[PDB]
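Dumped upload-v7.pdb below, it's PDB, C-alpha atoms and all ligand atoms:
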```pdb
ATOM      1  CA  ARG F 126     100.224  79.550 137.301
ATOM      2  CA  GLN F 127     102.552  81.071 134.574
ATOM      3  CA  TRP F 128     103.208  78.871 131.525
ATOM      4  CA  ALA F 129     106.013  79.082 129.000
ATOM      5  CA  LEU F 130     106.691  77.168 125.723
ATOM      6  CA  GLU F 131     109.317  74.981 127.527
ATOM      7  CA  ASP F 132     106.430  73.460 129.635
ATOM      8  CA  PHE F 133     105.030  71.721 126.519
ATOM      9  CA  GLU F 134     105.985  69.225 123.888
ATOM     10  CA  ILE F 135     104.456  70.294 120.571
ATOM     11  CA  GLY F 136     102.923  67.799 118.158
ATOM     12  CA  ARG F 137     101.180  67.839 114.858
ATOM     13  CA  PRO F 138      99.275  70.880 113.518
ATOM     14  CA  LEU F 139      95.550  70.574 114.269
ATOM     15  CA  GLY F 140      94.458  73.386 111.942
ATOM     16  CA  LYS F 141      95.438  76.602 110.239
ATOM     17  CA  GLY F 142      94.130  79.897 111.460
ATOM     18  CA  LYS F 143      94.088  83.442 110.061
ATOM     19  CA  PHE F 144      96.860  84.696 112.459
ATOM     20  CA  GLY F 145      98.978  81.503 112.979
ATOM     21  CA  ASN F 146      98.334  77.796 113.641
ATOM     22  CA  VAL F 147      96.834  75.448 116.229
ATOM     23  CA  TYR F 148      99.013  72.541 117.402
ATOM     24  CA  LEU F 149      98.439  69.469 119.479
ATOM     25  CA  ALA F 150     100.583  69.724 122.639
ATOM     26  CA  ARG F 151     101.388  67.814 125.860
ATOM     27  CA  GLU F 152     102.174  69.525 129.204
ATOM     28  CA  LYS F 153     105.564  67.927 130.153
ATOM     29  CA  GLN F 154     104.908  67.133 133.872
ATOM     30  CA  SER F 155     101.245  65.934 133.748
ATOM     31  CA  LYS F 156     101.376  64.503 130.165
ATOM     32  CA  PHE F 157      97.986  66.294 129.748
ATOM     33  CA  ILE F 158      96.961  66.672 126.066
ATOM     34  CA  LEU F 159      95.826  70.140 124.942
ATOM     35  CA  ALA F 160      95.830  72.454 121.878
ATOM     36  CA  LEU F 161      98.077  75.506 121.563
ATOM     37  CA  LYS F 162      96.624  78.272 119.354
ATOM     38  CA  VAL F 163      99.725  80.203 118.144
ATOM     39  CA  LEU F 164      99.399  83.777 116.887
ATOM     40  CA  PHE F 165     102.127  85.984 115.364
ATOM     41  CA  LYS F 166     102.467  89.333 117.152
ATOM     42  CA  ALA F 167     103.711  91.090 113.945
ATOM     43  CA  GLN F 168     100.566  89.923 112.057
ATOM     44  CA  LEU F 169      98.183  90.857 114.913
ATOM     45  CA  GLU F 170      99.890  94.326 115.138
ATOM     46  CA  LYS F 171      99.776  94.983 111.348
ATOM     47  CA  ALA F 172      96.018  94.122 111.317
ATOM     48  CA  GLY F 173      95.237  96.120 114.522
ATOM     49  CA  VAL F 174      93.230  93.257 116.080
ATOM     50  CA  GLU F 175      94.812  93.237 119.606
ATOM     51  CA  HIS F 176      91.511  94.524 121.133
ATOM     52  CA  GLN F 177      89.585  91.598 119.566
ATOM     53  CA  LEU F 178      92.240  89.113 120.858
ATOM     54  CA  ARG F 179      91.781  90.565 124.358
ATOM     55  CA  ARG F 180      87.990  89.909 124.040
ATOM     56  CA  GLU F 181      88.564  86.327 122.784
ATOM     57  CA  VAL F 182      90.716  85.614 125.815
ATOM     58  CA  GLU F 183      88.556  87.479 128.450
ATOM     59  CA  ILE F 184      85.239  86.104 127.187
ATOM     60  CA  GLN F 185      86.327  82.473 126.552
ATOM     61  CA  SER F 186      88.253  82.301 129.884
ATOM     62  CA  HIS F 187      85.088  82.800 131.970
ATOM     63  CA  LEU F 188      82.724  80.484 130.088
ATOM     64  CA  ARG F 189      82.018  77.033 131.612
ATOM     65  CA  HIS F 190      79.730  74.819 129.519
ATOM     66  CA  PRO F 191      80.147  71.237 128.159
ATOM     67  CA  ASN F 192      79.389  72.490 124.599
ATOM     68  CA  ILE F 193      81.885  75.442 124.717
ATOM     69  CA  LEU F 194      85.628  74.881 124.257
ATOM     70  CA  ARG F 195      87.602  75.807 127.360
ATOM     71  CA  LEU F 196      90.480  78.313 127.268
ATOM     72  CA  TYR F 197      92.820  77.275 130.148
ATOM     73  CA  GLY F 198      95.445  80.012 129.899
ATOM     74  CA  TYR F 199      97.798  82.018 127.707
ATOM     75  CA  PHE F 200     101.348  83.271 127.513
ATOM     76  CA  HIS F 201     103.656  84.962 125.052
ATOM     77  CA  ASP F 202     107.269  85.185 123.963
ATOM     78  CA  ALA F 203     109.121  87.787 121.765
ATOM     79  CA  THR F 204     107.206  86.955 118.540
ATOM     80  CA  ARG F 205     104.128  84.862 119.465
ATOM     81  CA  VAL F 206     101.025  84.672 121.649
ATOM     82  CA  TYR F 207      99.876  81.184 122.774
ATOM     83  CA  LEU F 208      96.327  80.307 123.786
ATOM     84  CA  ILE F 209      96.093  77.054 125.849
ATOM     85  CA  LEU F 210      92.913  75.398 124.713
ATOM     86  CA  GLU F 211      90.989  72.288 125.555
ATOM     87  CA  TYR F 212      91.840  69.737 122.829
ATOM     88  CA  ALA F 213      88.823  68.559 120.687
ATOM     89  CA  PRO F 214      89.813  65.044 119.558
ATOM     90  CA  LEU F 215      87.176  64.400 116.856
ATOM     91  CA  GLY F 216      88.050  67.461 114.757
ATOM     92  CA  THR F 217      85.701  69.997 113.130
ATOM     93  CA  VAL F 218      82.090  69.764 111.926
ATOM     94  CA  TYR F 219      83.580  71.302 108.719
ATOM     95  CA  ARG F 220      85.666  68.085 108.157
ATOM     96  CA  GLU F 221      82.690  65.838 109.126
ATOM     97  CA  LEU F 222      80.544  67.641 106.497
ATOM     98  CA  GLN F 223      83.281  67.220 103.787
ATOM     99  CA  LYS F 224      83.401  63.451 104.573
ATOM    100  CA  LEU F 225      79.630  62.786 104.784
ATOM    101  CA  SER F 226      78.587  65.461 102.161
ATOM    102  CA  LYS F 227      75.351  66.061 104.190
ATOM    103  CA  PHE F 228      73.992  65.047 107.580
ATOM    104  CA  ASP F 229      70.791  63.121 108.262
ATOM    105  CA  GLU F 230      68.020  64.725 110.354
ATOM    106  CA  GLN F 231      69.113  62.989 113.558
ATOM    107  CA  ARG F 232      72.748  64.183 113.417
ATOM    108  CA  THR F 233      71.521  67.732 112.400
ATOM    109  CA  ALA F 234      68.940  68.022 115.221
ATOM    110  CA  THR F 235      71.493  66.769 117.755
ATOM    111  CA  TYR F 236      74.148  69.286 116.607
ATOM    112  CA  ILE F 237      71.497  72.091 116.529
ATOM    113  CA  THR F 238      70.418  71.133 120.094
ATOM    114  CA  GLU F 239      74.033  71.228 121.347
ATOM    115  CA  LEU F 240      74.603  74.541 119.591
ATOM    116  CA  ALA F 241      71.327  76.019 120.991
ATOM    117  CA  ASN F 242      72.357  74.899 124.549
ATOM    118  CA  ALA F 243      75.831  76.451 124.186
ATOM    119  CA  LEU F 244      74.428  79.723 122.732
ATOM    120  CA  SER F 245      71.642  79.835 125.405
ATOM    121  CA  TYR F 246      74.438  79.817 128.021
ATOM    122  CA  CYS F 247      76.450  82.530 126.115
ATOM    123  CA  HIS F 248      73.346  84.734 125.673
ATOM    124  CA  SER F 249      72.507  84.404 129.416
ATOM    125  CA  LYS F 250      75.726  86.495 129.902
ATOM    126  CA  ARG F 251      74.971  88.756 126.868
ATOM    127  CA  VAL F 252      77.956  87.139 125.044
ATOM    128  CA  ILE F 253      77.411  86.901 121.292
ATOM    129  CA  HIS F 254      79.728  84.608 119.312
ATOM    130  CA  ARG F 255      79.162  86.122 115.791
ATOM    131  CA  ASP F 256      81.421  83.539 114.036
ATOM    132  CA  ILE F 257      79.345  80.425 114.212
ATOM    133  CA  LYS F 258      80.525  78.382 111.191
ATOM    134  CA  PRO F 259      81.489  74.689 110.682
ATOM    135  CA  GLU F 260      85.275  75.284 110.975
ATOM    136  CA  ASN F 261      84.668  76.773 114.472
ATOM    137  CA  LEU F 262      82.502  73.864 115.712
ATOM    138  CA  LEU F 263      84.717  71.192 117.199
ATOM    139  CA  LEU F 264      83.903  67.681 118.375
ATOM    140  CA  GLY F 265      84.695  66.278 121.814
ATOM    141  CA  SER F 266      85.547  62.649 122.714
ATOM    142  CA  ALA F 267      81.790  61.710 122.784
ATOM    143  CA  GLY F 268      81.211  63.363 119.353
ATOM    144  CA  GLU F 269      79.517  66.299 121.173
ATOM    145  CA  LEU F 270      79.674  69.763 119.551
ATOM    146  CA  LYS F 271      81.921  72.369 121.157
ATOM    147  CA  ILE F 272      81.718  75.996 120.111
ATOM    148  CA  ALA F 273      85.207  77.400 119.622
ATOM    149  CA  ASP F 274      87.022  80.471 118.186
ATOM    150  CA  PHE F 275      85.746  83.425 120.278
ATOM    151  CA  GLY F 276      87.865  85.689 118.015
ATOM    152  CA  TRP F 277      84.840  87.867 117.049
ATOM    153  CA  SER F 278      82.827  87.490 120.299
ATOM    154  CA  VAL F 279      81.509  90.614 122.052
ATOM    155  CA  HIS F 280      78.977  91.635 124.667
ATOM    156  CA  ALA F 281      75.552  92.475 123.161
ATOM    157  CA  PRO F 282      74.507  94.932 121.721
ATOM    158  CA  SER F 283      77.364  95.884 119.362
ATOM    159  CA  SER F 284      78.021  97.465 115.944
ATOM    160  CA  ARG F 285      81.648  96.142 115.441
ATOM    161  CA  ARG F 286      82.323  94.850 111.916
ATOM    162  CA  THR F 287      84.167  91.396 112.043
ATOM    163  CA  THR F 288      85.691  90.314 108.630
ATOM    164  CA  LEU F 289      86.156  92.818 105.772
ATOM    165  CA  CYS F 290      86.743  90.344 102.902
ATOM    166  CA  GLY F 291      86.125  86.924 104.557
ATOM    167  CA  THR F 292      83.107  84.646 104.019
ATOM    168  CA  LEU F 293      79.684  86.351 104.489
ATOM    169  CA  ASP F 294      77.755  83.025 104.269
ATOM    170  CA  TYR F 295      76.971  82.782 108.036
ATOM    171  CA  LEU F 296      76.385  86.501 108.705
ATOM    172  CA  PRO F 297      72.937  88.093 109.124
ATOM    173  CA  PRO F 298      71.800  91.151 107.060
ATOM    174  CA  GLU F 299      72.228  93.554 110.046
ATOM    175  CA  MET F 300      75.921  92.492 110.407
ATOM    176  CA  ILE F 301      76.858  92.741 106.681
ATOM    177  CA  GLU F 302      75.120  96.207 106.722
ATOM    178  CA  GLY F 303      77.155  97.486 109.719
ATOM    179  CA  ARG F 304      73.997  98.034 111.795
ATOM    180  CA  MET F 305      73.580  97.608 115.597
ATOM    181  CA  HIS F 306      73.118  93.918 116.417
ATOM    182  CA  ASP F 307      72.570  91.604 119.360
ATOM    183  CA  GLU F 308      71.987  87.888 120.371
ATOM    184  CA  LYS F 309      69.744  87.420 117.294
ATOM    185  CA  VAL F 310      72.832  87.270 115.009
ATOM    186  CA  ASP F 311      73.640  83.772 116.447
ATOM    187  CA  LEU F 312      70.026  82.682 115.751
ATOM    188  CA  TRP F 313      70.445  83.561 112.058
ATOM    189  CA  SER F 314      73.821  81.629 111.935
ATOM    190  CA  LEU F 315      71.987  78.652 113.570
ATOM    191  CA  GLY F 316      69.490  78.688 110.665
ATOM    192  CA  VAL F 317      72.322  78.875 108.056
ATOM    193  CA  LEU F 318      74.049  75.863 109.803
ATOM    194  CA  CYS F 319      70.794  73.829 109.983
ATOM    195  CA  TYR F 320      70.364  74.329 106.215
ATOM    196  CA  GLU F 321      74.019  73.565 105.391
ATOM    197  CA  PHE F 322      73.979  70.393 107.546
ATOM    198  CA  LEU F 323      70.952  68.989 105.670
ATOM    199  CA  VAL F 324      71.794  70.282 102.177
ATOM    200  CA  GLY F 325      75.633  70.208 102.132
ATOM    201  CA  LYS F 326      76.017  73.922 101.164
ATOM    202  CA  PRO F 327      74.995  77.208 102.934
ATOM    203  CA  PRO F 328      71.719  78.786 101.608
ATOM    204  CA  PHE F 329      73.133  82.044 100.165
ATOM    205  CA  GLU F 330      76.208  80.592  98.512
ATOM    206  CA  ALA F 331      77.286  82.366  95.304
ATOM    207  CA  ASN F 332      80.395  82.839  93.010
ATOM    208  CA  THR F 333      80.882  86.422  94.135
ATOM    209  CA  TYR F 334      80.851  88.363  97.310
ATOM    210  CA  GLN F 335      78.309  90.929  95.929
ATOM    211  CA  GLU F 336      75.872  88.172  94.818
ATOM    212  CA  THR F 337      76.183  86.427  98.278
ATOM    213  CA  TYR F 338      75.556  89.858  99.896
ATOM    214  CA  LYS F 339      72.488  90.425  97.670
ATOM    215  CA  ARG F 340      71.088  86.917  98.550
ATOM    216  CA  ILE F 341      71.626  87.453 102.275
ATOM    217  CA  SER F 342      70.119  90.948 102.269
ATOM    218  CA  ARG F 343      66.941  89.795 100.391
ATOM    219  CA  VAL F 344      66.852  86.376 102.252
ATOM    220  CA  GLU F 345      66.926  84.560  98.898
ATOM    221  CA  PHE F 346      67.100  80.829  99.364
ATOM    222  CA  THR F 347      65.234  77.717  98.210
ATOM    223  CA  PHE F 348      65.148  74.180  99.553
ATOM    224  CA  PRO F 349      66.005  71.042  97.542
ATOM    225  CA  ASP F 350      63.031  68.582  97.476
ATOM    226  CA  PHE F 351      64.441  66.145 100.091
ATOM    227  CA  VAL F 352      64.314  68.790 102.921
ATOM    228  CA  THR F 353      61.333  67.844 105.090
ATOM    229  CA  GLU F 354      58.454  70.149 106.140
ATOM    230  CA  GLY F 355      59.694  70.277 109.782
ATOM    231  CA  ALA F 356      63.292  71.274 108.835
ATOM    232  CA  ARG F 357      61.899  73.898 106.318
ATOM    233  CA  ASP F 358      59.715  75.337 109.107
ATOM    234  CA  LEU F 359      62.584  75.692 111.630
ATOM    235  CA  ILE F 360      65.050  77.101 109.006
ATOM    236  CA  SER F 361      62.381  79.588 107.709
ATOM    237  CA  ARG F 362      61.786  80.803 111.283
ATOM    238  CA  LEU F 363      65.513  81.313 111.916
ATOM    239  CA  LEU F 364      66.305  83.010 108.581
ATOM    240  CA  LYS F 365      64.136  86.120 109.090
ATOM    241  CA  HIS F 366      65.487  89.526 107.941
ATOM    242  CA  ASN F 367      63.933  91.156 111.027
ATOM    243  CA  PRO F 368      66.083  89.958 114.011
ATOM    244  CA  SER F 369      63.143  90.534 116.418
ATOM    245  CA  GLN F 370      61.111  87.948 114.422
ATOM    246  CA  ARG F 371      63.803  85.227 115.047
ATOM    247  CA  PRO F 372      62.732  82.718 117.733
ATOM    248  CA  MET F 373      64.251  82.395 121.194
ATOM    249  CA  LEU F 374      66.672  79.458 121.774
ATOM    250  CA  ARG F 375      64.034  77.728 124.046
ATOM    251  CA  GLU F 376      61.660  77.787 120.984
ATOM    252  CA  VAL F 377      64.399  76.134 118.869
ATOM    253  CA  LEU F 378      65.022  73.459 121.570
ATOM    254  CA  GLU F 379      61.233  72.721 121.780
ATOM    255  CA  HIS F 380      60.634  72.792 118.006
ATOM    256  CA  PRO F 381      58.689  69.608 117.001
ATOM    257  CA  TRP F 382      61.273  68.778 114.298
ATOM    258  CA  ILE F 383      64.141  69.120 116.849
ATOM    259  CA  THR F 384      62.375  66.972 119.568
ATOM    260  CA  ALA F 385      61.397  64.289 116.984
ATOM    261  CA  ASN F 386      64.986  63.884 115.678
ATOM    262  CA  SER F 387      67.302  64.879 118.572
ATOM    263  CA  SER F 388      69.495  62.133 120.225
ATOM    264  CA  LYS F 389      68.855  63.883 123.649
TER
HETATM  265  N1  LIG H 401      91.128  72.947 120.494
HETATM  266  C1  LIG H 401      91.187  72.489 119.243
HETATM  267  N2  LIG H 401      91.168  71.150 119.026
HETATM  268  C2  LIG H 401      91.271  70.703 117.767
HETATM  269  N3  LIG H 401      91.410  71.407 116.634
HETATM  270  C3  LIG H 401      91.410  72.728 116.886
HETATM  271  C4  LIG H 401      91.285  73.333 118.123
HETATM  272  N4  LIG H 401      91.245  74.716 117.994
HETATM  273  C5  LIG H 401      91.342  74.908 116.704
HETATM  274  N5  LIG H 401      91.462  73.758 115.972
HETATM  275  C6  LIG H 401      91.625  73.664 114.524
HETATM  276  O1  LIG H 401      92.337  74.811 114.089
HETATM  277  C7  LIG H 401      91.478  75.655 113.283
HETATM  278  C8  LIG H 401      91.750  77.109 113.554
HETATM  279  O2  LIG H 401      91.475  77.429 114.934
HETATM  280  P1  LIG H 401      90.680  78.758 115.332
HETATM  281  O3  LIG H 401      90.656  78.937 116.821
HETATM  282  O4  LIG H 401      89.327  78.731 114.724
HETATM  283  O5  LIG H 401      91.549  79.901 114.640
HETATM  284  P2  LIG H 401      91.151  81.228 113.840
HETATM  285  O6  LIG H 401      90.738  82.185 114.841
HETATM  286  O7  LIG H 401      92.384  81.616 113.111
HETATM  287  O8  LIG H 401      90.049  80.849 112.920
HETATM  288  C9  LIG H 401      90.062  75.166 113.578
HETATM  289  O9  LIG H 401      89.186  75.512 112.516
HETATM  290  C10 LIG H 401      90.296  73.663 113.753
HETATM  291  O10 LIG H 401      90.510  73.098 112.464
HETATM  292  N1  LIG H 402      99.917  86.212 126.969
HETATM  293  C1  LIG H 402      99.545  87.021 126.240
HETATM  294  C2  LIG H 402      99.107  88.015 125.346
HETATM  295  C3  LIG H 402     100.044  88.912 124.828
HETATM  296  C4  LIG H 402      99.623  89.939 123.949
HETATM  297  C5  LIG H 402     100.656  90.809 123.347
HETATM  298  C6  LIG H 402     101.683  91.288 124.178
HETATM  299  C7  LIG H 402     102.691  92.105 123.656
HETATM  300  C8  LIG H 402     103.692  92.620 124.620
HETATM  301  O1  LIG H 402     103.569  92.617 125.832
HETATM  302  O2  LIG H 402     104.813  93.169 124.130
HETATM  303  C9  LIG H 402     102.733  92.482 122.296
HETATM  304  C10 LIG H 402     101.696  92.009 121.450
HETATM  305  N2  LIG H 402     101.471  92.193 120.082
HETATM  306  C11 LIG H 402     100.332  91.490 119.716
HETATM  307  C12 LIG H 402      99.824  90.866 120.808
HETATM  308  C13 LIG H 402     100.659  91.174 121.943
HETATM  309  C14 LIG H 402      98.264  90.081 123.619
HETATM  310  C15 LIG H 402      97.304  89.175 124.133
HETATM  311  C16 LIG H 402      97.763  88.141 124.975
HETATM  312 CL1  LIG H 402      96.686  86.930 125.520
HETATM  313  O1  LIG H 403      93.062  84.780 115.356
HETATM  314  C1  LIG H 403      92.329  85.083 116.408
HETATM  315  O2  LIG H 403      92.163  84.340 117.344
HETATM  316  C2  LIG H 403      91.636  86.428 116.378
HETATM  317  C3  LIG H 403      92.525  87.593 116.837
HETATM  318  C4  LIG H 403      91.728  88.899 116.907
HETATM  319  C5  LIG H 403      91.030  89.213 115.572
HETATM  320  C6  LIG H 403      90.163  88.048 115.098
HETATM  321  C7  LIG H 403      90.973  86.745 115.018
HETATM  322  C8  LIG H 403      90.111  85.622 114.492
HETATM  323  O3  LIG H 403      89.774  84.657 115.355
HETATM  324  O4  LIG H 403      89.738  85.667 113.333
HETATM  325 CL    CL H 404      91.405  98.221 113.721
HETATM  326 CL    CL H 405      89.970  60.756 106.355
HETATM  327 CL    CL H 406      82.714  93.581 124.333
HETATM  328 CL    CL H 407      68.061  87.746  91.726
HETATM  329 CL    CL H 408      68.173  95.028  99.746
HETATM  330 CL    CL H 409      58.544  70.952  97.378
HETATM  331 MG    MG H 410      88.332  79.814 113.280
HETATM  332 MG    MG H 411      88.778  83.146 114.720
HETATM  333 MG    MG H 412      80.464  74.258 100.869
END
```

Would you mind giving the structure from this file in structure tokens?
Amino acid sequence: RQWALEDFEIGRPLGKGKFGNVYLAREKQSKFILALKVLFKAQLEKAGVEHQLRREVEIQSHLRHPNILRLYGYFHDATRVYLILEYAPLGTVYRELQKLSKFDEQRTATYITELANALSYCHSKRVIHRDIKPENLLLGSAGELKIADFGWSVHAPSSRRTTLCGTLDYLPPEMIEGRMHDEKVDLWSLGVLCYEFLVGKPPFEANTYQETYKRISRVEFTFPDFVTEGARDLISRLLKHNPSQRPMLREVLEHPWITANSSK
């Protein structure tokens, strides 16, 4: 029913967020292990992001998919808001990529398949994530990808602007430009992730914000020699300036490079 902080024993920090921290926690009666995303009311209020927090909570609450992190509940006290999340025990894809440097084709196709299944479910409800990046991709007990952090999620179509000075690396041209956008934004982010998984760095990475913006807007990227023909084909289809030219998620799931390398 109605949770309070006294119902949990808090453990180690699991990760740092923009508006507070995520902690491992145990519900006192059941001993059930979960993650508490803690946000500071004063920081949320100064930034004026309460409306986006309401969307994170309302959207994530109603999603039910094995590759989407569950949001079980929420509560608040005088200074903080607490999101009760499903705990992802194998950490982030971000950490996995720092350890391994780059992923082989099998691990990449498997993660892309899991991501495409999760996004296909979101898009069936016109929910667009818009913040698909390695730090927001968690790993379950079976090493399965779980999409998390619905902080920027909205119902499609939308023209809302997400980050003002944060990383642009995963954003499509229509989002960085402030244009109307839809489900196709997640398809572009899928292409950026596929490239980063195989190469170790996102395709439009640059020293400055303006140079990253320029690269994204002109779709300026090249492949290192080791990237195979099949991976180049899928990435080139996803990274199209025109969102209408981006494939459907069923086309990604049936791509010959995906079917040849996916774990299933
Ligand atoms: N349920 C979870 N299980 C494990 N680690 C988590 C969980 N949720 C978040 N984290 C960790 O905390 C970080 C921040 O959480 P996130 O929800 O993305 O916050 P923010 O909206 O501030 O980005 C993640 O990038 C990850 O490192
Ligand atoms: N549970 C919960 C929750 C609480 C707030 C909130 C409440 C108040 C309040 O009722 O006083 C003040 C606030 N300032 C920033 C957030 C915020 C927003 C979302 C959720 Cl999910
Ligand atoms: O910290 C959060 O969960 C969200 C609060 C609303 C604004 C966006 C923000 C985020 O995920 O970046
Ligand atoms: Cl605002
Ligand atoms: Cl380690
Ligand atoms: Cl919305
Ligand atoms: Cl140039
Ligand atoms: Cl241009
Ligand atoms: Cl070549
Ligand atoms: Mg995050
Ligand atoms: Mg977030
Ligand atoms: Mg990097």

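Counting only C-alpha atoms and comparing F:164, F:378, F:290, F:186, the residue that lies closest to residue 333 of chain F is F:290.
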
- [ ] Counting all atoms listed in the file, figure out which residue out of F:287, F:314, F:223, F:367 gets nearest to residue 343 of chain F.
- [x] F:367

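As for atom CA of residue 245 of chain F and atom CA of residue 365 of chain F, they are spaced 19.0 Å apart.
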
TODO: Enumerate residues in contact with ligand LIG 402 (chain H): an atom-to-atom distance of at most 6 Å, counting all atoms listed in the file. Format the result as a VMD selection string.
DONE: chain F and resid 166 169 to 170 175 179 199 to 201 206

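Residue nearest ligand MG 412 (chain H) within the list F:237, F:184, F:222, F:279: F:222 [criterion: smallest interatomic distance, only C-alpha atoms and all ligand atoms].
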
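A distance cut-off of 10 Å from ligand CL 408 (chain H), applied to all atoms listed in the file, picks out the residues residues 298, 302, 338, 339, 340, 341, 342, 343 and 344 of chain F.
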
Task: Close residues to ligand CL 409 (chain H) using all atoms listed in the file, limit 9 Å, as JSON, numbers by chain - done: {"F": [348, 349, 350, 351, 352, 353, 354]}

TODO: Quick one: apply the PyMOL selection byres (((chain F and resi 187-189) around 12) and not hetatm) to the file and drop the selected residues here as a VMD selection string.
DONE: chain F and resid 180 to 186 190 to 198 211 243 to 244 246 to 252 254 271 to 273 275

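With only C-alpha atoms and all ligand atoms as the atoms that count, the residue of F:154, F:168, F:332, F:347 with the shortest distance to ligand MG 412 (chain H) is F:332.
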
Per-residue nearest contacts of chain F to ligand MG 411 (chain H) (9 Å; all atoms listed in the file) as CSV:
```
residue,atom,partner,partner_atom,distance
F:142,CA,H:MG411,MG,7.1
F:143,CA,H:MG411,MG,7.1
F:144,CA,H:MG411,MG,8.5
F:181,CA,H:MG411,MG,8.7
F:256,CA,H:MG411,MG,7.4
F:261,CA,H:MG411,MG,7.6
F:273,CA,H:MG411,MG,8.4
F:274,CA,H:MG411,MG,4.7
F:275,CA,H:MG411,MG,6.3
F:276,CA,H:MG411,MG,4.3
F:277,CA,H:MG411,MG,6.6
```

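Residues in contact with ligand CL 405 (chain H) (atom pairs separated by at most 10 Å; only C-alpha atoms and all ligand atoms) are residues 220, 221, 223 and 224 of chain F.
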
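Closest approach to residue 371 of chain F from the set F:281, F:293, F:163, F:310 is made by F:310, with distances taken over all atoms listed in the file.
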
- [ ] Around ligand CL 404 (chain H), at most 12 Å away and counting all atoms listed in the file, which residues are there? Put them as a list in words, please.
- [x] residues 169, 170, 171, 172, 173, 174, 175, 176, 177, 178, 285, 286, 287, 288 and 289 of chain F

Please write the residues from the selection above to a file, keeping C-alpha atoms, as a JSON list (two decimals), in the frame of the given file.
```json
[["chain", "number", "residue", "atom", "x", "y", "z"],
["F", 169, "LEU", "CA", 98.18, 90.86, 114.91],
["F", 170, "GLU", "CA", 99.89, 94.33, 115.14],
["F", 171, "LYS", "CA", 99.78, 94.98, 111.35],
["F", 172, "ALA", "CA", 96.02, 94.12, 111.32],
["F", 173, "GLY", "CA", 95.24, 96.12, 114.52],
["F", 174, "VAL", "CA", 93.23, 93.26, 116.08],
["F", 175, "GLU", "CA", 94.81, 93.24, 119.61],
["F", 176, "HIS", "CA", 91.51, 94.52, 121.13],
["F", 177, "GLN", "CA", 89.58, 91.60, 119.57],
["F", 178, "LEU", "CA", 92.24, 89.11, 120.86],
["F", 285, "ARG", "CA", 81.65, 96.14, 115.44],
["F", 286, "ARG", "CA", 82.32, 94.85, 111.92],
["F", 287, "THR", "CA", 84.17, 91.40, 112.04],
["F", 288, "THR", "CA", 85.69, 90.31, 108.63],
["F", 289, "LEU", "CA", 86.16, 92.82, 105.77]]
```

Task: Proximity to ligand MG 410 (chain H) - best of F:202, F:239, F:134, F:260, all atoms listed in the file - done: F:260

Taking (84.6, 69.0, 114.5) in the file's coordinates as the center, which residues reach within 8 Å of it, counting only C-alpha atoms, put as a tab-separated table (two decimals) with C-alpha atoms, in the frame of the given file?
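Heads up, here's the output in selection.tsv:
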```
chain	number	residue	atom	x	y	z
F	213	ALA	CA	88.82	68.56	120.69
F	215	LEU	CA	87.18	64.40	116.86
F	216	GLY	CA	88.05	67.46	114.76
F	217	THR	CA	85.70	70.00	113.13
F	218	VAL	CA	82.09	69.76	111.93
F	219	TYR	CA	83.58	71.30	108.72
F	220	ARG	CA	85.67	68.08	108.16
F	221	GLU	CA	82.69	65.84	109.13
F	259	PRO	CA	81.49	74.69	110.68
F	260	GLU	CA	85.28	75.28	110.98
F	261	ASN	CA	84.67	76.77	114.47
F	262	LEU	CA	82.50	73.86	115.71
F	263	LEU	CA	84.72	71.19	117.20
F	264	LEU	CA	83.90	67.68	118.38
F	265	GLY	CA	84.70	66.28	121.81
F	270	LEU	CA	79.67	69.76	119.55
F	271	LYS	CA	81.92	72.37	121.16
```

TODO: Tell me which residues the PyMOL selection byres (((chain F and resi 151) around 8) and not hetatm) grabs here, as JSON, numbers by chain.
DONE: {"F": [133, 134, 135, 136, 149, 150, 152, 153, 156, 157, 158, 159]}

Pull out segment 382-389 of chain F, keep N, CA and C atoms, and write it as a short mmCIF file (atom, residue, chain, number, x, y, z; two decimals), in the first residue's frame.
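What follows is the written file part.cif:
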```cif
data_model
loop_
_atom_site.label_atom_id
_atom_site.label_comp_id
_atom_site.auth_asym_id
_atom_site.auth_seq_id
_atom_site.Cartn_x
_atom_site.Cartn_y
_atom_site.Cartn_z
N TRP F 382 22.17 -9.70 -40.01
CA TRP F 382 23.30 -9.61 -39.08
C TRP F 382 22.85 -9.90 -37.63
N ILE F 383 21.65 -9.44 -37.26
CA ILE F 383 21.06 -9.68 -35.94
C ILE F 383 20.77 -11.19 -35.78
N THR F 384 20.03 -11.80 -36.73
CA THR F 384 19.67 -13.24 -36.65
C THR F 384 20.90 -14.16 -36.66
N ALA F 385 21.95 -13.81 -37.40
CA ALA F 385 23.18 -14.59 -37.46
C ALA F 385 23.98 -14.56 -36.15
N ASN F 386 23.88 -13.47 -35.37
CA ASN F 386 24.70 -13.30 -34.17
C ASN F 386 23.94 -13.29 -32.86
N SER F 387 22.61 -13.16 -32.87
CA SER F 387 21.81 -13.13 -31.65
C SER F 387 21.80 -14.48 -30.90
N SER F 388 21.88 -14.41 -29.54
CA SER F 388 21.84 -15.58 -28.63
C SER F 388 20.47 -16.25 -28.62
N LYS F 389 19.40 -15.47 -28.90
CA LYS F 389 17.97 -15.86 -29.00
C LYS F 389 17.28 -15.93 -27.64
#
```
